[PDB]
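Given next are two forms of a protein chain, the same chain in both, each as structure tokens and marked structure 1 or structure 2.
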Structure 1
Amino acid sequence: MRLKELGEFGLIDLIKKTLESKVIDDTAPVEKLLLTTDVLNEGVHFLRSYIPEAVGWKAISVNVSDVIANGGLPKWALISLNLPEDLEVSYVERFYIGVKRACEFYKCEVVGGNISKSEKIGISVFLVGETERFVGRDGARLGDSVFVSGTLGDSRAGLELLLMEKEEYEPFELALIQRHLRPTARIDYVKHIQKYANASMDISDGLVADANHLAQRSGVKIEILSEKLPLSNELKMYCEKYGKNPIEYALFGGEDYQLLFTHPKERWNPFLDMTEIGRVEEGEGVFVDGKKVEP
């Protein structure tokens, strides 16, 4: 009866059902155009203490990471803000500074939006991006190797470091926090993905979770080798220092804003920090070190 008593899958299965819509990172519309939306709500995604500028940058970067994962380039953006009437004007000004910087970087732009009073800060972004070839979650192919960009787990260690509310942090800890607060979309993988990926997508719910969506969505079965997983130096250090398993972070790190794509091994780029972690074969599910694994 209540949204909470319904669970994860349950809610979306009803909406899609209600509308009877198979399209609910982006939605592909013809003209192609990639339509995307994301939300950052105070209390959940960030705190009012985090520098506004980084939140402004993130607002644009999250949407760009979805457009990018589908082989498209970010073009236009609509930013809707729910702000408490007693919010510092400087907060909003710094927020839009970060937004301007993200747009300058990714080469997209804000064209509109509106403001509404609210008990808490709610950030809702809309982004439109064009593509000459839609690359999604089903295109996988038998024989395909499985790659991921960058490293995994960083964003998770950073959120935990933030939750510790330390006064200051060591550098290795800062780089981790920055990866979670001011992430950079792999807009540098567009050419590669819009040209060689058979299957692609942004790792937003964590490796294991999204590799399933991948496997399921293309009737294929994926095999990943834990000791191939790209691990960063600060995640290693963070782990040793707070005694944890780097791997548990790479497999279940939630959103990392890195790409998870597939294509024949022959196509690795001489310039991208691409890392093969497994292979696409047979059919049905995802496996790690040989043992089936689920979220």
Structure 2
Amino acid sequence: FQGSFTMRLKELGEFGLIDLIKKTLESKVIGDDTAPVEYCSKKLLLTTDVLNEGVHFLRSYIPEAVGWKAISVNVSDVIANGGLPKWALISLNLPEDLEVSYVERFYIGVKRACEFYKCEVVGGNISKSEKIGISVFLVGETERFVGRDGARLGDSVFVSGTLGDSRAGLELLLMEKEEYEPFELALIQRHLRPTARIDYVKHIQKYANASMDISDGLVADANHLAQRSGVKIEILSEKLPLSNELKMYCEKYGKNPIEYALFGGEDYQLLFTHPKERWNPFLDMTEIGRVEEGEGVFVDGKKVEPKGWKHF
């Protein structure tokens, strides 16, 4: 009866586990999208995100897209804290019966992403496994690190692009349809081949008081920002940026676009704060709320309940 009452990961939760890990390591740097380290008057940003078969993607998806996404989700953490991607490593867990062509096409996608984001994969690892596992490590660089702590009272809360598209794309992919309409393919693109907002780096680096990307969902991720900055975040649902593709999807399948914008994950858009006075004539940012004294995240006045994707 050794394991009769022992606490398992399912009971603690992923973030409670990270808290334990941080405490165990007596770490002061853990908590942001990247780990900033001082090196030669500048800061290098270290991060790692993974794509596991059955968890983040399916083997039926074109390998090139998975390779593009593998690099993109990692670049997203780097640009979210004000840095530019430089060097990456890829650790692969591969089934011995996997087609060689899958790995080749995967790297063609990786190469395409690296050429786009201006970074390079300089190495990695290979291990046998039951299914496909893709663990990428990325090193970026910045002149001014912007993490999740730093949001100031009075600041406005912004997001880039539109929210909820990726979740719709995921659902469309899981439908295994023999044919998708144009708007559906666009949503699928947002899910399978997200584009890290590297176009935002200079703005974030120069004006953001707090910044991060949205990978689990707006409310859930806004919660992390609120807690690390020690403030209250008030969001207005009517201001959330929605794409016409998402609206078409919700109309066709009977869904609520606001639900997708608030709880949909993997959009990899940015969530940051700074004075409303600060803006950019070329960026698609949308003001969705403000930073107030207190705690928790509120939507339309209600504190609701932060959902977001959970591994356990």
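We call the rigid core the largest set of C-alpha positions that still match within 1.5 Å between the two forms. Residue positions are counted from 1 along structure 1's sequence.
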For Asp273, is the CA shift between the two structures at least 2 Å following rigid-core superposition? no
Once the rigid core is matched, what's the CA displacement of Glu284 between the two structures in angstrom? 1.1
Let me know the CA shift of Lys16 between the two structures in Å, rounded to one decimal, core fitted. 2.5
